[PDB]
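Chemist: Quick check, what structure comes out for this input:
(11 chains, ligands or ions: 11)
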Amino acid sequence: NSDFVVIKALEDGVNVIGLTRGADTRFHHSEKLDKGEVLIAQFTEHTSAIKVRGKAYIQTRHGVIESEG
Amino acid sequence: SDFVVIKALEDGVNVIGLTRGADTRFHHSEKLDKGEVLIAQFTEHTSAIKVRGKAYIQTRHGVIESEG
Amino acid sequence: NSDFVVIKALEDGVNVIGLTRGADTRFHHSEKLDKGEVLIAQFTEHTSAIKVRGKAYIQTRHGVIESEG
Amino acid sequence: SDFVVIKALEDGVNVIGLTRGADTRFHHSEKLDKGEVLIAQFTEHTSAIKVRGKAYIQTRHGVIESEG
Amino acid sequence: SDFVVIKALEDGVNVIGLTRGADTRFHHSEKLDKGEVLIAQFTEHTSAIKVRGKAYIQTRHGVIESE
Amino acid sequence: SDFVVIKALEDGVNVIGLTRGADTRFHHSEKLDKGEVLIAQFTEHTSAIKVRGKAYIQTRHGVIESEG
Amino acid sequence: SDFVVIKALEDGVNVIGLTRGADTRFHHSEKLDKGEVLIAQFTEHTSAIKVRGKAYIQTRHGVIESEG
Amino acid sequence: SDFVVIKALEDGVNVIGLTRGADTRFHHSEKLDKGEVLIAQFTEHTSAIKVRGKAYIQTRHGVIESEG
Amino acid sequence: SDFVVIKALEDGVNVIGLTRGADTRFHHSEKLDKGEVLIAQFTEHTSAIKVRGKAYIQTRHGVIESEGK
Amino acid sequence: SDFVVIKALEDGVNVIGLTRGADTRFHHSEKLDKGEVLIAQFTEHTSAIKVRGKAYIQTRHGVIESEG
Amino acid sequence: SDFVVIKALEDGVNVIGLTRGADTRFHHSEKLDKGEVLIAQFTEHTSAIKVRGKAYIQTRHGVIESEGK
Ligand SMILES: N[C@@H](Cc1c[nH]c2ccccc12)C(=O)O
Ligand SMILES: N[C@@H](Cc1c[nH]c2ccccc12)C(=O)O
Ligand SMILES: N[C@@H](Cc1c[nH]c2ccccc12)C(=O)O
Ligand SMILES: N[C@@H](Cc1c[nH]c2ccccc12)C(=O)O
Ligand SMILES: N[C@@H](Cc1c[nH]c2ccccc12)C(=O)O
Ligand SMILES: N[C@@H](Cc1c[nH]c2ccccc12)C(=O)O
Ligand SMILES: N[C@@H](Cc1c[nH]c2ccccc12)C(=O)O
Ligand SMILES: N[C@@H](Cc1c[nH]c2ccccc12)C(=O)O
Ligand SMILES: N[C@@H](Cc1c[nH]c2ccccc12)C(=O)O
Ligand SMILES: N[C@@H](Cc1c[nH]c2ccccc12)C(=O)O
Ligand SMILES: N[C@@H](Cc1c[nH]c2ccccc12)C(=O)O
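Modeler: Numbers count the residues shown, from 1 in each chain, chains lettered A, B, ... in the order given. Ligands and ions are numbered 1, 2, ... in the order given. There you are, the coordinates:
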């Protein structure tokens, strides 16, 4: 039942990086998206923070935001 | 528990479920032909969903479109 | 207490297909609706995704969408 | 639990409960004559409901009509 | 747990409760005469409610009328 | 737990509690005279309420009026 | 739990609590003089509240007025 | 758990807690002088609150004013 | 759990927490000077809050203003 | 669980966490330079937060501004 | 559990997590370069978040901007 974010890649090679939940913080996975693909990604037991690199249109419960490459 | 609506706008749209857990990889790909709709939840096994191909998508945060 | 989807068949032979919950994903049931019949179907312990094939008017909590045969 | 309102607009409308669980089959059909209303929940035993015949239906997602 | 409001618009209206559980049958029918109102929950014993006769009904999903 | 508000619009209005459970019968009838208000919950013992006599009624679903 | 606000519009208004349980009787009668306000919950002991006398009442369902 | 806001509009306003439980009696009377504000919850010990004297009151159901 | 916002509008404002339980008395008085904001919850130990002095107050029920002696 | 946002409008804004429990004193002070933002929850150890210095503050009840 | 969205408006923005509990200290500083977006929860380990550097911030209370150094 956690929140989720919507990431639409606006160019090739966007990275959606999950950061580890817990006392330690590191990248545990980078999902690479190509232009026009959409990832819908939850917060989870393993992921408590999500970093987006590259150009993407993003939706979350607080509205739209855009990352730039 | 949340769900995503996916409407295929062309043949071969691929809805890809990513594994929940410490590891991340795809565990299922459900292909849709033009005009079919898939309403898919997040689950004990799927904590992220990727859409490839042209599709019209509804989530609780609104509509979004994937481009194939 | 789970969410549900309303499906109204707009032609004969519409299939509402339930996909299994869990590590295994497959179709476990396909409900045939003929024109003008309505099915209101929940997500369940056994059904964690629902596929609609054929021409149908669908309502979810996200709004209306239409499937095309 | 959510519920659905079905108002029959002709005689012989059927409101059909489908079994919860790994098996899916009809376990009951409640027949409604014109102008009767049935207000029916989802339950431990009923995880999908089908309506046949002409009726005005309300759910949390709005009005829909079934046609015979 | 949710409830239904029924107002009888004529004499003889029946508000009928249907059993929760694997089996479905009527376990009670409450008769309403014209102008009487019943407010009735879903319960451990009642998972579906049928209205027969002319009445004004309100639920969480808005108004509907039986005839 | 939900409640209903009843304002008596004439003397002798009866607000009648129906028993929760396998059995359905009246366990109590509260008499209201004109201009009296009763605000009454659903409870462990009361799972349906009946109003007889002229009254103004509010619930979560809005206003309704019973007639004598 | 839900609560009701009652403002006495004249002297000697009674806000009466009815017992929760199989039995229904008055357990307490709170007298309000003109202009006093009582804000009163539903509780383990009180599952219905009756107002006698002229008062302005607010509940989650909106305003209603009891009259002498 | 809810609360009520009381602003005293003159000296000596009393905000009175009534005991939760089978018994209903006062328990505490908080004196507010003019312009003072008390913001008071419903609690394990208090299930009803009376205001005596001139005050501006806010609850989840809106504004109401007591008069001395 | 709910909280109240209090902004002091002059020096020497007191936000007083009253004890939760059968006993009612002041257990703490937090002094605020002009311009300072206190955001205070209701808690295991505080079930009523009194404000003495001129202050601008927000709660879930809206704005109210205390006036000093 | 609730949180406040604090934006420092000058150097040396002081966000002060008060200890949760029978005792009240501050257990941590986080200073912000001009333009920095702190987003801080109510927690097991913090049940009141004081802001000293010029800051722009958002909470669930709207915007408020501390002045130094 | 709540999250905040942070979009860096210049290079070198820091998103800093403060420890939950009786002890308060920084336990992690996530550097964002311009145009990158971080969506970060409150967690069992982070009960406050500080942003330093020019960034556009969304929370459930709306938009706020941090201003750089
Ligand atoms: N296996 C990952 C999948 C995931 C969810 N959200 C993510 C965000 C970024 C990267 C991976 C993910 C997890 O359960 O946490
Ligand atoms: N058996 C899968 C089915 C599923 C649900 N949502 C999905 C999204 C993509 C692919 C598969 C799925 C599950 O329970 O997780
Ligand atoms: N027996 C199935 C019935 C069902 C509910 N929703 C569905 C959607 C599609 C197909 C079947 C169903 C279940 O409980 O899961
Ligand atoms: N005994 C059935 C009654 C029922 C509830 N909702 C229904 C919908 C359709 C048909 C029967 C029902 C059950 O509890 O599940
Ligand atoms: N002793 C009754 C009181 C009651 C509550 N709601 C009612 C409606 C009608 C008649 C009595 C009541 C009970 O707890 O159920
Ligand atoms: N004893 C019944 C009373 C009841 C509640 N709602 C109803 C609807 C119809 C008939 C009876 C009822 C029950 O608790 O279930
Ligand atoms: N010790 C009292 C404090 C209190 C809260 N609400 C009140 C209203 C009126 C009087 C006192 C109170 C209690 O916890 O109940
Ligand atoms: N001691 C009573 C106090 C009360 C609350 N609400 C009331 C309404 C009317 C009369 C008394 C009360 C109780 O806990 O139930
Ligand atoms: N130690 C106090 C801190 C506090 C919270 N809210 C208050 C209101 C007024 C005075 C003190 C407080 C408590 O946990 O209760
Ligand atoms: N491992 C950290 C990750 C994190 C979440 N939100 C943060 C905010 C700032 C810094 C780190 C984080 C945690 O679970 O708490
Ligand atoms: N360790 C502190 C961190 C904190 C959260 N909110 C605060 C507000 C002010 C000062 C410190 C804090 C705690 O978890 O409580």
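
Chemist: give me the beta-bridge partners of the closest residue to residue A:57 other than its chain neighbours?
Modeler: Distances taken as Cβ to Cβ, 6 or more residues apart in numbering or on different chains place residue A:8 nearest to residue A:57, at 4.5 Å, with adjacent residues excluded. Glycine gets a C-beta too; all of them are placed from N, C-alpha and C. With DSSP bridges as the criterion, residue A:8 is bridged to residue A:38, residue A:57.

Chemist: so what's the residue in chain A that ligand 4 sits nearest to up against?
Modeler: Here the residue of chain A nearest ligand 4 is residue A:1; by Cβ to the nearest ligand atom that distance is 25.1 Å. Listed by Cβ atoms under 8 Å, 6 or more residues apart in numbering or on different chains, the contact partners of residue A:1 are B:1, B:2.

Chemist: 7 Å instead, please
Modeler: Residues near residue A:1 by Cβ atoms under 7 Å, 6 or more residues apart in numbering or on different chains: residue B:1.

Chemist: What's the separation between it and residue C:42?
Modeler: Going from residue A:1 to residue C:42 by Cβ to Cβ, to the nearest Å gives 16 Å.

Chemist: Repeat that for residue A:39.
Modeler: Taking Cβ to Cβ as the measure, residue A:39 and residue C:42 are separated by 27 Å.

Chemist: For those two, indicate the residue with more neighbours.
Modeler: residue A:39 (25 against 20; other Cβ atoms under 10 Å in any protein chain shown).

Chemist: Report the contact partners of the more buried one.
Modeler: Residue A:39 touches A:7, A:16, A:31, A:33, B:48, B:50, counting by Cβ under 7 Å, 6+ apart.

Chemist: Which members of the residues you listed define the maximum pairwise distance?
Modeler: Spanning the widest gap among those are A:33 and B:48, at 11.3 Å by Cβ to Cβ.

Chemist: Break down chain A into its strands, ranges please.
Modeler: Taking DSSP state E as the criterion, chain A carries its strands at A:4-9, A:14-20, A:27-33, A:38-42, A:47-53, A:56-60, A:63-67.

Chemist: Identify the residue of chain A closest to chain B, quick one.
Modeler: Residue of chain A nearest chain B, by Cβ to the nearest Cβ: residue A:36 (2.9 Å).

Chemist: With adjacent residues omitted, what lies nearest to that residue?
Modeler: residue B:67 (2.9 Å).

Chemist: Geometrically speaking, which residue is the centre of chain A?
Modeler: residue A:16 (3.9 Å; Cα atoms, centre = their mean).

Chemist: Look up how far ligand 5 lies from that residue.
Modeler: For residue A:16, the distance to ligand 5 equals 54 Å [Cβ to the nearest ligand atom, to the nearest Å].

Chemist: what do you get for residue A:4?
Modeler: Distance, residue A:4 to ligand 5, by Cβ to the nearest ligand atom: 42 Å.

Chemist: quick one: contacts for that residue?
Modeler: Residues near residue A:4 by Cβ under 7 Å, 6+ apart: A:40, A:41, A:42, B:2, B:42.

Chemist: quick one: residue A:68 and residue K:36 touch, right?
Modeler: No - judged on Cβ atoms under 7 Å, residue A:68 makes no contact with residue K:36 at a distance of 8.0 Å.

Chemist: which of those two has more neighbours?
Modeler: Just comparing residue A:68 and residue K:36: by other Cβ under 10 Å the higher neighbour count belongs to residue K:36, 23 against 15.

Chemist: Chain C versus the more buried one, what's the distance?
Modeler: Counting by Cβ to the nearest Cβ, to the nearest Å, the separation of residue K:36 from chain C is 29 Å.

Chemist: Could you pull up the contacting residues of that residue?
Modeler: Counting by Cβ under 7 Å, 6+ apart, residue K:36 touches A:51, A:52, A:53, A:67, K:8.
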